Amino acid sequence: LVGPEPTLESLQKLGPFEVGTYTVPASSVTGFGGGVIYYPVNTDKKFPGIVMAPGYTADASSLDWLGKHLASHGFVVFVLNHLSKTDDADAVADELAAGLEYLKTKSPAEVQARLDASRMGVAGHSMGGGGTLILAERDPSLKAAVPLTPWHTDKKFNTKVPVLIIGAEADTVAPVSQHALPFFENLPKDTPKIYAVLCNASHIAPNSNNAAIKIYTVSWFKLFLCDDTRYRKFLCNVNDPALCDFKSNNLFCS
């Protein structure tokens, strides 16, 4: 627990770290189409890593704002591009797995220097959010998972990884009653979990700078990747007019 007390206001602005990027060419990796690594600069500290997948028709650019935002708060964030053969959430989970392994073991020395590989999370949008849930079920070493407007046909994920699902009230692609909410409801009983629904939002709310997404994603990754328990308060007694539904279990709110 280092540095100033977080506030609601501080979570919505860039954090205290300046951000650098390294662009990963498709030709330098296998299992995904390259992507962009965002990381704190002007620091010898190490930070937890987060690998993020954008929606199916998208590239890493579609989550650029969130990569920068998270990195500024003290994370190494790797946003992937898809392989052209990818065609379902399962393949996106393969991309995320390949991205994680790349980030931890095959990224440049400069990136590895900034990374604490013992603390890793995942996030994804749309089909990427489906991929996030599939990967959380496959990879129990992960410390947090954030599916954004997740879209998938299977509803049950057997994972202990803390899951923050952010849905959109007016989602025409992945209606929360058939996607986000079943995903939440079918998680194991002891898994730390949130279901949060953005009022009046579309499926592509996550592709634009969003106050609620900033607050909940930074807090989730801080609590679960960094064990920074000062962020629990943003996840407890939530009375947020930007949300039109909210459920949680096993956050250990006091």
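Numbering starts at 1 and follows the sequence shown.
Student: Would you tell me which stretch averages the higher CA B-factor in the PDB entry, 24-32 or 62-70?
Tutor: Taking the mean B-factor of the alpha carbons in each, 24-32 is higher.
Student: Given the B-factors recorded for C-alpha atoms, which segment has the greater mean, 104-112 or 160-168?
Tutor: According to the PDB entry, the answer is 104-112.
Student: Whose C-alpha has the highest temperature factor in the PDB entry: 37, 187, 53, 218?
Tutor: Spelled out: the listed residue with the top C-alpha B-factor is 187.
Student: Just say lowest, middle or highest third for the CA B-factor of residue 191 relative to the other modelled residues in its chain.
Tutor: Within its chain, residue 191 is a middle-third residue by C-alpha B-factor, going by the deposited values.
Student: Can you tell me which third, lowest, middle or highest, the CA B-factor of residue 94 falls into for its chain?
Tutor: For residue 94, the deposited C-alpha B-factor lands in the middle third.
Student: Within this chain, which third does the Cα B-factor at residue 57 fall in: lowest, middle or highest?
Tutor: According to the entry, residue 57 has a C-alpha B-factor in the chain's lowest third.
Student: Compare the C-alpha B factor of residue 199 with those of the other modelled residues in its chain, then answer lowest, middle or highest third.
Tutor: Ranked within chain, residue 199 CA B lands in the highest tercile.
Student: Test of reading the entry: by CA B factor among the chain's modelled residues, which third contains residue 125?
Tutor: Lowest third of the chain for residue 125's C-alpha B-factor.
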